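Coming up is one lone chain in structure tokens, specifically the form solved without this ligand.
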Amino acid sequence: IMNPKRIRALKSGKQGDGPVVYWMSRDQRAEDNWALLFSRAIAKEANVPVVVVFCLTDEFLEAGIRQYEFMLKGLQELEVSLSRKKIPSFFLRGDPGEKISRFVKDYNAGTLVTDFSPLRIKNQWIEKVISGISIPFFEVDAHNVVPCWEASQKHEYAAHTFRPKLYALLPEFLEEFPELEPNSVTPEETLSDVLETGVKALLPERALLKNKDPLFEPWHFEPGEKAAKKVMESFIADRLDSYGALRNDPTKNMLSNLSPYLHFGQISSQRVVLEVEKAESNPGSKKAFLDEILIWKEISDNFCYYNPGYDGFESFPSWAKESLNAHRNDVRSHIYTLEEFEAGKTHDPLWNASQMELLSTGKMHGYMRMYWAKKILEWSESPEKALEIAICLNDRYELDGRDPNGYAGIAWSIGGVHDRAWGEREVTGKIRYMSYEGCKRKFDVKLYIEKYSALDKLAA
């Protein structure tokens, strides 16, 4: 039994006789999952087993092997984890609107549950699934602490507007997780080949170095529920105490390193928050970190949920479009094309340094993300093209890419969504400016450049 404001009736309906079916999507984990926890609870009152069903869409050919393997190795571990609680896992392979709604038929499912994403394509799928199922259809926010549609019913203009609203809801929703009770009813293709198949598809596209070896180094983030925990734990032990004072230094590995895990659902951020809240470190440090994993993460959901064009110019706030529109004819000092950005071929060795961190590691430092996308706007031929170029490089190369945090962060950087207006520059209007020189007062830039020094020539 759990908080019901975590649930939303999609298709009002009458209960079916068969298994309760969890259509997993965003939250790829067995522990700390309110979606799976609710489907087990309604599975228990109907005395049916609960099964999980995952769909593998052809969206993987938009990304690279790095994302596809991180997740495929992640699913492979969950699969063993679900089986131990007697919950079988089914892996469909196609377009969900057709595939889920015909799984529901072939399987006589009693009722249907999914997790919550604000991305446009998921909602498109749901309404397809809804039109073609008889059984009721339930939705659970397992990704935010406070449910997106409960935190605030409108678009939030800034962190300080949303921050009260979220924090007066924290006592009621920041609670611990119960246990996933294993199935008691035991019930009636393979992830190996699907990985081999998908890798073969993506190989022609891999990002190589001149010497025909790949760029991406797969050893900075082991994928999986197990590996994620040892990251959250090492963070609370080694880094959190100094997080607030070094969050902004791209030479200190002092971030949480959590975002590939949170993105794929491999760890609950509600578990993190519990574990930070009880953990005993710098009060300033906890407050800075909680503002990121709580306020900034869950507002980025608030962004895409209430702004369908979250990845377009029209989503920017009224003043910001006015400013960029005023400066559309200004002569840019430089203009680069996508693949020149991609290949680290700017005049700015600090900018190429971080492009190099993105290519080789799959995670750009969070301070260097704000700079990277501001310099794209400043050296691209138009607002729209900057956006386009930045999303394409983010989602193609970030492990945490294709995520509401990506868009709301790109919108923040380029269009100022969730930000204020600043002193008026040429080209970038009133958009918050960051300078190379700003980064020199904050951290030894020569060390950052030095680290990824000798990848540009080695991968030209």
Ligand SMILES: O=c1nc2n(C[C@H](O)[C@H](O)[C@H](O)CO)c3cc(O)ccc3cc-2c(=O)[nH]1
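Numbering starts at 1 and runs along the sequence shown.
Below: the form deposited with this ligand bound, not depicted.
K.L.:
Please tell me which of 427, 37, 55, 46 lies within 4.5 Å of this ligand in the deposited complex, judged by heavy atoms.
P.N.:
Contact residue from the list: 55.
K.L.:
Name the single residue among 303, 125, 351, 341 that comes within 4.5 Å of this ligand in the deposited complex, judging by heavy atoms.
P.N.:
Only one option qualifies, and that one is 125.
K.L.:
Find out whether any non-hydrogen atom of residue 24 is located within 4.5 angstroms of this ligand in the deposited complex, and reply yes or no.
P.N.:
Yes, residue 24 is a contact residue.
K.L.:
At the 4.5 Å heavy atom threshold, is residue 375 in contact with this ligand in the deposited complex?
P.N.:
Although this ligand is absent here, residue 375 would stay clear of it in the deposited complex, with no heavy atoms inside 4.5 Å.
K.L.:
Would residue 65 count as a contact of this ligand in the deposited complex, using a 4.5 angstroms cut-off between non-hydrogen atoms?
P.N.:
Contact with this ligand, no.
K.L.:
In the deposited complex, does residue 117 come within 4.5 Å of this ligand, counting heavy atoms only?
P.N.:
Answer yes; at least one heavy atom of residue 117 falls within 4.5 Å of this ligand in the deposited complex.
K.L.:
Where does this ligand sit in the deposited complex: which of 175-183, 308-316, 144-152, 257-265, heavy atoms within 4.5 Å?
P.N.:
Answer to the contact question: 257-265.
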